Amino acid sequence: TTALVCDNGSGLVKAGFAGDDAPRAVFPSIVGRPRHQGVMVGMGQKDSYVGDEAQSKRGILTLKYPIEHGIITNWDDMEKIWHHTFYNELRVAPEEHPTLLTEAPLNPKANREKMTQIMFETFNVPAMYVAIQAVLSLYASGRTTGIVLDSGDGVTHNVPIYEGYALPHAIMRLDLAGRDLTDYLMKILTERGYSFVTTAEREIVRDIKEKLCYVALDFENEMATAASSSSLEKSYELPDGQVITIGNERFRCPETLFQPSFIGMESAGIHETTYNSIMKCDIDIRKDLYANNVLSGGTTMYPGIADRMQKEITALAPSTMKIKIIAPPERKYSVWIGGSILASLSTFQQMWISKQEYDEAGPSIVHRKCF
Amino acid sequence: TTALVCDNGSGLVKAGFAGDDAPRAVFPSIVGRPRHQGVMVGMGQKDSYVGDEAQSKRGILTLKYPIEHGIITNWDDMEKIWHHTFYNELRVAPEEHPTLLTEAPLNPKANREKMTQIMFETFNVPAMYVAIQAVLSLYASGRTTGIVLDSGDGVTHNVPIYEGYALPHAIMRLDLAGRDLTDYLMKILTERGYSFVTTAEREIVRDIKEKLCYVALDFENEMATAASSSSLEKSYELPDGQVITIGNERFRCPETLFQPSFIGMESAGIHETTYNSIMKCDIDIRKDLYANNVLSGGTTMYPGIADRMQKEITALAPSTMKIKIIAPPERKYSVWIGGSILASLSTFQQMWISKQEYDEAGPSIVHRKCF
Amino acid sequence: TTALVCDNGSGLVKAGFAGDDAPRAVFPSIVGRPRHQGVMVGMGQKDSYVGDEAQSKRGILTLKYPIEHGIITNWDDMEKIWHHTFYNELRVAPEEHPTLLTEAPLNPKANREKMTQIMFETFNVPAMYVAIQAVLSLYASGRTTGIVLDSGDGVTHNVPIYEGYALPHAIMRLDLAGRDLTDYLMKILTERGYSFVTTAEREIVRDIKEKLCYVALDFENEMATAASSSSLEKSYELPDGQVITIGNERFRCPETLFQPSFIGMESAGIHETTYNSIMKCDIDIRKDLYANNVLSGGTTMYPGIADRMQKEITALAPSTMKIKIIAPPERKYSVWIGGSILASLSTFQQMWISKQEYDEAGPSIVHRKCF
Amino acid sequence: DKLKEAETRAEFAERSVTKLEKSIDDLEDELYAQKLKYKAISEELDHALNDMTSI
Amino acid sequence: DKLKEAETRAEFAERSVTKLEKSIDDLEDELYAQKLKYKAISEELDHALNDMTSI
Ligand SMILES: Nc1ncnc2c1ncn2[C@@H]1O[C@H](COP(=O)(O)OP(=O)(O)O)[C@@H](O)[C@H]1O
Ligand SMILES: Nc1ncnc2c1ncn2[C@@H]1O[C@H](COP(=O)(O)OP(=O)(O)O)[C@@H](O)[C@H]1O
Ligand SMILES: Nc1ncnc2c1ncn2[C@@H]1O[C@H](COP(=O)(O)OP(=O)(O)O)[C@@H](O)[C@H]1O
Ligand SMILES: [Mg+2]
Ligand SMILES: [Mg+2]
Ligand SMILES: [Mg+2]
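Protein chains in written order, with the authors' numbering: chain D, 5 to 375; chain E, 5 to 375; chain C, 5 to 375; chain G, 230 to 284; chain H, 230 to 284.
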């Protein structure tokens, strides 16, 4: 039979059968209970709208993501999300399909063990396998080397790989991602008068960020230009009218990636954690990693980031090496495409964690040889 | 010469010369045009009564506050209020006195720039400086660390400070304040038969709230007690007779602070936004912030709030830390006392925005080094 | 007059007058500039807190060690540290006191030359001498032979000495030390959910390592025991509450010393570089080196290391030789005690690099006869 | 008047409140100091036993 | 008028002292219990060392 390539993510759940080009169903991972009282009788009001249904009734819900930073903080809601994904968005019972979840690097063990225990006890799948979210993104590019920066919505991690041999001592995981950029944008919009507070209006700020923000090639020059002319002010129409005008908030929101001091984080930007991740590698594979830097994940879709990052790394790196940044147009679904490719391989067909194996060793089987 | 420490606030304008203990003139900030026709000739009827004069003729006026939530929505009325404050309540021409306004955190820029432009062009002061309303309240307590919850009448904001270094990423500004409590009290009084609608009767409801309401130590027990006995029903005499009896409306009005779901607001109460503001701080200064929690602002004068808040935070916080809530008896004027202390300092004497500096850089000088 | 026995080290600066038993002032060598903005005026905020002062205000600083691996990477900060050490922790002007610095073996020349140039030009000492950090640790033991393994916090080096004649071709310097163990512990703590990222929280992880970690006598048996029972899980209270429980991370952090493959280093552990250092020596002094193996440095203070190392060497060495490991209780300050003894000798009194000699030959005098 | 017979009490409770607040602040501080000392002593005993743990 | 103010102020004034009194005595009792705990822990190993004094 065919395998189910699910990809929990944090912000958008992407799923679909193995062997295709794009995920079959992509929908936000939010579960929102209603918060008001409700007076109409017999309206058929449910107790929790999940997935894309709660992005249409969000006016009277309190949306809450079940995955904070890679890790899962609310297991009941995550189980509800998985149940919805299997039964309503794909309509395939899990009793007859292997599953291939994905997990960020350096995550707590208990999260992974609970994930496999749920998949084997509640949904009762035949066999499931958990894979690191960066190796798949490297599969999708058709490479076999390269250092991949997978800046998702929950957590940004940077896994270097050479000739198929991952370097476990050079993984640099940073917890700045799309959600913190949404919060920072929502916080700097208040400098013009627009106040978004409700958890429903966070979605509106996210839409503003997606449609308007861009990464500046040079920050100081843009700050000077936006403060003199008015060629940058782009307007946007809220879900009820009252258009708003975003000035130099456009390139200040995604600039947080390269200067995490804006949101008070100490660490260095995504332009310098990649160079540090490279320098921890051996001295003889640094040229190949320099030449095959891969971008993935949703948050790396800002217009103009593949040039800013290349300029920064070229500034840091030695002058002789060639710096090349692979930015495929299908960046958002790169991890899932790689997952489909991996699940479609014949050599991989014996790596699944078969159910009888789980019955013999318990949920701690995932840390064992079947990784 | 001496400095003028004005403090616009929202609900009560407090002003006075720097270096004293209490503001010289405290009066509501309302400007009310008459609304009826007027038949007596030569009575000397003015077109707008401002300040404390319109709290005595409020029977035939339509009072309207010029400051909604920290921000200023009606600049002409605010200019009128400032003119009254300078010329009639203090009787000092502004041409010979520096001014020190105060502003809530996270307010729109245009508000601050317009404020400085007015002060420099219309009143023509020698030099003015704008300060955040929470740092002053921290000055007045004589501390140098601590997280201050300044629940005014317009907006409640919670600024944590350590060793004099403010943490800009941990400011949690919430727009529930005394005015919303007045409106909610006016809305729940209708459950007994008393209807207050006119903008003049909002003042009567405010007086009821000030004199009778108190914060319950435990909400459910009080709700149960008030529903069985009658030891809580306190009566109050309206401005014309017809005494009224307030039952369990006494502790239900200020309970909205700890459960903003009562007035339909989504966010968490003032007992949980303080804990969230602390948890955003670094891991090594949380003990000091726990031990030096400061209360300020008018709305924190409810009898019994310094115990309810301590109980709530002790429930949330780890069991080992000591939770202490500083509630000085001079809470209402804490911001202004701190402003006087700051204006009286010698080290601060060179931070004023001198007029020649404004002439060279325009009103946008306030966002620059002279903050 | 008396000599100043300073000992730069990397992690703790230990200093004191010659002829005593213990260093007078021991304090971490970190210089941390503040990173937030700072709103209180006149608080007397300095621009850089050094030494033990920055271990109390570390909540709002960005601590950065000026010595990476023995070598000094930031000369201005090191000069600041020395100035603090002389003037505030000892309160003796350097114009009237000889100094005896210490330096790791096989360090870059430029580091040593710059050190002597600073000591002679800025602080203007009468005479300074630089000594290898292992010979002093051999002095303190009262021996005259033996192979000393001085596993500091920056770099671990293993200098064999016989009858006072050092063997320059048998020094094995390895760059794994306490700092890498701190980083590895901070990296494996993430497997339970505790994430420490800030440079201030590295100090908390260091405290955890010091107070809880221990070296296992047999690694596999401990890994099996910790995975079945729960007699090892020791808890620890963070600087704000929220106790944490360390499981088999206790003996996995310091195990990196004997298996440097954990942090990706190729080389062999400290149990096998000592045997290799012995085998490079001549065939007739191997028995004495076997019998007089000396431990020193801070990182060799783990509970149970003097038995694991002896077991390992006994496994490697021929069965007839007796293996003895000298582990004095005053291990941490062994180098400084030896430095005091050496500076107190009469025979050594003419080996100092007198200032007139430096004036005649420049800073390159240190490599000359006055070593 | 009837004012003073209560104002006498009104001011009276001020010093009461001041004494109570300073006393309780000192009490909690010294109690926490004692608890910290006891914790230190207990940890000293246990970890001194465990640093020994036979030699 | 001001009479009512005086009555209310005095009536609320009595509230704070009496409630704080019980807390003060509870603090004293807990402090003393902890001090007794420490003293009991203090003398034991003290005498143990007294025996261990020069063995
Ligand atoms: N076109 C876009 N431009 C800018 N940002 C985007 C765009 N699309 C998505 N994002 C950001 O990326 C996030 C989605 O990232 P995604 O790759 O789905 O995360 P995950 O790894 O959890 O699947 C969204 O929250 C959004 O903030
Ligand atoms: N004694 C009191 N008891 C309860 N509430 C009060 C009391 N005094 C003032 N308030 C509330 O506080 C508000 C005044 O707050 P204030 O601190 O003057 O605001 P601002 O920060 O604008 O100066 C009033 O509107 C009133 O609702
Ligand atoms: N009691 C202890 N137990 C375990 N490790 C320790 C202990 N004391 C110090 N260390 C480690 O040793 C380091 C201090 O080593 P030290 O000898 O001061 O280095 P240096 O040679 O630079 O002086 C610390 O960073 C710490 O990691
Ligand atoms: Mg992803
Ligand atoms: Mg105020
Ligand atoms: Mg050393």
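Where a beta carbon is used, it is the ideal one built from N, C-alpha and C, also for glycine.
Sort the options by Cα distance to residue i and report the nearest one.
i	options	result
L8 of chain D	D:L16, D:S14 and D:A29	D:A29
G156 of chain C	C:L94, C:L293 and C:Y337	C:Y337
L65 of chain C	D:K215, D:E270, D:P258 and D:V209	D:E270
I75 of chain E	E:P112, E:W86, E:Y91 and E:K84	E:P112
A347 of chain C	C:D187, C:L216 and C:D24	C:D24
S145 of chain D	D:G343, D:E83, D:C285 and D:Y53	D:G343
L16 of chain E	E:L349, E:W340 and E:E316	E:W340
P130 of chain D	D:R372, D:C217, D:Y218 and D:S358	D:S358
residue 4 of chain E	E:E83, E:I248 and E:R39	This structure leaves residue 4 of chain E out entirely; chain E is present only between 5 and 375.
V54 of chain D	D:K84, D:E224 and D:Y166	D:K84
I250 of chain D	D:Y218, D:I274, D:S265 and D:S281	D:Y218
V370 of chain C	C:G13, C:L105, C:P332 and C:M47	C:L105
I122 of chain E	E:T351, E:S368, E:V152 and E:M44	E:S368
Quick one: which chain G residues come within Cβ less than 9 Å of residue i?
i	result
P307 of chain C	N279, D280 and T282
What are the residues that DSSP puts in a beta bridge with residue i?
i	result
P333 of chain D	DSSP, once it has assigned bridges, lists no residue as partnering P333 of chain D.
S338 of chain E	Paired residue(s): none; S338 of chain E is not in a bridge.
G245 of chain D	D:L242
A29 of chain D	D:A19
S155 of chain E	E:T160
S300 of chain E	E:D154
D280 of chain G	The partner list for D280 of chain G (beta bridge, DSSP) is empty, contrary to what the question assumes.
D11 of chain D	D:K18
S145 of chain D	Bridge partners of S145 of chain D: none, in fact.
Any heavy atom of ligand 5 closer than 6 Å to the beta-carbon of residue i?
i	result
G156 of chain E	yes
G168 of chain E	no
Listing by chain order, which chain C residues have their CB less than 7 Å from the CB of residue i?
i	result
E99 of chain D	Within chain C, no residue comes near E99 of chain D; the closest Cβ sits about 32 Å away, beyond 7 Å.
Is the closest heavy atom of ligand 3 to the C-beta of residue i under 6 Å?
i	result
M82 of chain D	no
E214 of chain C	yes
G20 of chain C	no
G182 of chain C	yes
Which residues in chain D sit within 7 Å of residue i, going by Cβ to Cβ distance?
i	result
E195 of chain C	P112 and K113
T203 of chain C	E270
Can you find a heavy atom of ligand 6 that lies under 6 Å from the Cβ of residue i?
i	result
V339 of chain C	yes
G74 of chain C	no
For residue i, go through chain E and note every residue whose CB falls closer than 8 Å to its CB, in chain order.
i	result
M227 of chain C	None at all; the shortest Cβ gap to chain E is about 30 Å.
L67 of chain C	Per Cβ cutoff of 8 Å: no residues; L67 of chain C is ~11 Å from chain E at best.
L242 of chain C	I287
Under 6 Å from any heavy atom of ligand 1, does the C-beta of residue i make it?
i	result
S239 of chain D	no
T304 of chain E	no
Using the beta-carbon of each residue, which ones in chain D are nearer than 8 Å to residue i?
i	result
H173 of chain E	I267 and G268
Under 6 Å: does the beta carbon of residue i sit that close to some heavy atom of ligand 2?
i	result
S14 of chain E	yes
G268 of chain E	no
List the residues of chain H that residue i touches, going by C-beta distances under 9 Å, in chain order.
i	result
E236 of chain G	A235, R238 and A239
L260 of chain G	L256, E259, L260 and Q263
Within 6 Å: the Cβ of residue i and any heavy atom of ligand 4?
i	result
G301 of chain D	yes
Give the residues of chain H in contact with residue i, contact being defined as C-beta atoms less than 8 Å apart.
i	result
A269 of chain G	Here the premise fails: no neighbours, minimum Cβ distance about 10 Å.
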